[PDB]
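**Student:** need coordinates for the below:
(2 chains)
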2 protein chains.
Amino acid sequence: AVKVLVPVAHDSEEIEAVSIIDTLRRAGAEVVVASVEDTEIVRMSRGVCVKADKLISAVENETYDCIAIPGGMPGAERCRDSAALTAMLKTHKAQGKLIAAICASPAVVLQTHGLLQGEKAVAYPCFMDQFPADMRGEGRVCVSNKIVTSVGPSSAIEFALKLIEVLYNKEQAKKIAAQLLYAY
Amino acid sequence: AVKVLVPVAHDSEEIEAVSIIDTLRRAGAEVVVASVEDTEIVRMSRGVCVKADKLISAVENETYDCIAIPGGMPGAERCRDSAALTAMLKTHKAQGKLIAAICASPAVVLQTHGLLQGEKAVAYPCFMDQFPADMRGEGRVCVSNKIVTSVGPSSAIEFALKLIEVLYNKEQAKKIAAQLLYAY
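**Tutor:** Numbering: from 1, shown residues only, chains lettered A, B, ... in the order given. Here you go:
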């Protein structure tokens, strides 16, 4: 049993959020889609309306094996500015859980809150200067110890598959790659 | 101005629906996400709850440049068994509009309703024998006159980009490919 939190906000990137959620659930994870807004329904960046499983305030004291943050702007900023999600991230980081982000959120969220110290990371290319030079990693997906980052909407499946590999193993990721028809 | 209908159902494939919707809207299309269920909110195959813009009943008499059908099972069957969507598809087909489907839906919906006559098509590989041998096309995305089909979740972005290319032009599709970071 692997448990993952995916926070969602108004103007979250919908391909990225739903790619993460769908792909992990295929692997058998319990994924909790948690709104950082004052409604369960969020209106994502291209107008897709998603009804979250929970408000983040309802799970603030829960523990997850991974917290995986979708991109989108201003979505990433709304995630950044969520006090509850910020507290959860800081606690999960110190507790050795897997912290993950895609697109803007590695810079807007992870780096703003000092969660990438000693690590490398990637992000949607325009955000790569929000990182000090020595923390700029490489790849469409970048693993750095307990940090996993990734670049954008077309890399959201690759991102989630890496998360499967890290949280389960490479054989479980390869099964889910085959389900999605991803050339692994 | 281009207008596109994307029907959604309980147990529609999330990644595929949202990939289509988000990618087309990025191109400037007006996309109408229309539930074939008796609620605007549909519970997709891996539990992602999406609140459709409209019930399909509300737009049955409308005209679209394209109708683009997400996969998922039993989602494709619920689309297949929608009377309203079936009527829309048959009318749009005769009116020379673009009919599109991904994963199961090229077989479960398009072929079931006789919409692929004289055409080639592809689908999630397990469904390729639901097509007569001479209707089996090639590619992860297959264009056949006014039919566009595609194979699965990891091909949903490629699928939608082809839809942009055919409904707009190749230069518009490349712009949207760059936004999503799809190496086109």
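**Student:** for chain A, what lies in contact range of chain B?
**Tutor:** Within chain A, the positions lying close to chain B (CB under 8 Å from any CB of the partner chain) are A:13-15, A:18-19, A:21-23, A:25-26, A:31, A:33, A:41, A:44-51, A:53, A:124-125, A:140, A:151-155, A:157, A:179-183. All C-beta atoms are positioned from the backbone trio N, CA, C, and that covers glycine.
**Student:** tell me which of these fall in strands.
**Tutor:** Residues of the residues of chain A next to chain B located in strands (DSSP state E): A:31, A:33, A:41, A:49, A:50, A:51.
**Student:** okay if I get those residues as JSON lines plus neighbour count?
**Tutor:** Below are those laid out as JSON lines (neighbours: other CB atoms under 10 Å in any protein chain shown):
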{"residue": "A:31", "neighbour count": "24"}
{"residue": "A:33", "neighbour count": "25"}
{"residue": "A:41", "neighbour count": "16"}
{"residue": "A:49", "neighbour count": "18"}
{"residue": "A:50", "neighbour count": "26"}
{"residue": "A:51", "neighbour count": "18"}
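**Student:** format those as CSV; extra columns: distance to residue A:85.
**Tutor:** What follows is these, written out as CSV (distance: CB to CB, whole Å):
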residue, distance to residue A:85
A:31, 15
A:33, 13
A:41, 18
A:49, 20
A:50, 16
A:51, 18
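**Student:** quick check: the two most widely separated of those residues?
**Tutor:** For these, the maximum inter-member distance is 18.4 Å, found between A:31 and A:49 (CB to CB).
**Student:** what's around residue A:149, how many residues?
**Tutor:** The number of residues packed near residue A:149 is 31, by other CB atoms under 10 Å in any protein chain shown.
**Student:** which helix or strand contains it?
**Tutor:** Assigned by DSSP states H and E, residue A:149 belongs to strand A:147-150.
**Student:** grab the nearest non-local neighbour of residue A:70.
**Tutor:** In space, and not counting its chain neighbours, residue A:70 is closest to residue A:17: 3.9 Å by CB to CB, 6 or more residues apart in numbering or on different chains.
**Student:** how close does the one you found sit to residue A:150?
**Tutor:** 13 Å (CB to CB, to the nearest Å).
**Student:** what of residue A:28?
**Tutor:** 21 Å.
**Student:** for the two, indicate the residue with more neighbours.
**Tutor:** Shown here are residue A:28 and residue A:150; by other CB under 10 Å, residue A:150 has more neighbours (32 against 12).
**Student:** please tell me I have it right and the more buried one contacts residue A:140.
**Tutor:** Yes. Look at residue A:150 against residue A:140 with CB atoms under 8 Å: they come within range, at 6.3 Å.
**Student:** mutual contacts of those two, please.
**Tutor:** The overlap between the contact sets of residue A:150 and residue A:140 (CB atoms under 8 Å, 6 or more residues apart in numbering or on different chains) consists of A:122, A:158.
**Student:** mind checking which of the residues of chain A next to chain B are buried?
**Tutor:** Among the residues of chain A next to chain B, those scoring as buried are A:13-15, A:18-19, A:21-23, A:25-26, A:31, A:33, A:41, A:44-46, A:48-51, A:53, A:124, A:140, A:151-155, A:157, A:180-182 (criterion: 16 or more other CB atoms under 10 Å in any protein chain shown).
**Student:** out of those residues, list just those in helices.
**Tutor:** A:14, A:15, A:18, A:19, A:21, A:22, A:23, A:25, A:26, A:157, A:180 (DSSP state H).
**Student:** which residues sit in contact with the fifth one?
**Tutor:** The neighbours of residue A:21, taking CB under 8 Å, 6+ apart as the test, are A:6, A:31, A:33, B:14, B:46, B:47, B:48.
**Student:** switch to 10 Å and redo it
**Tutor:** With contacts defined as CB atoms under 10 Å, 6 or more residues apart in numbering or on different chains, residue A:21 is in contact with A:4, A:6, A:8, A:29, A:31-33, A:50, A:53, A:68, A:70, A:160, B:14-15, B:44, B:46-48.
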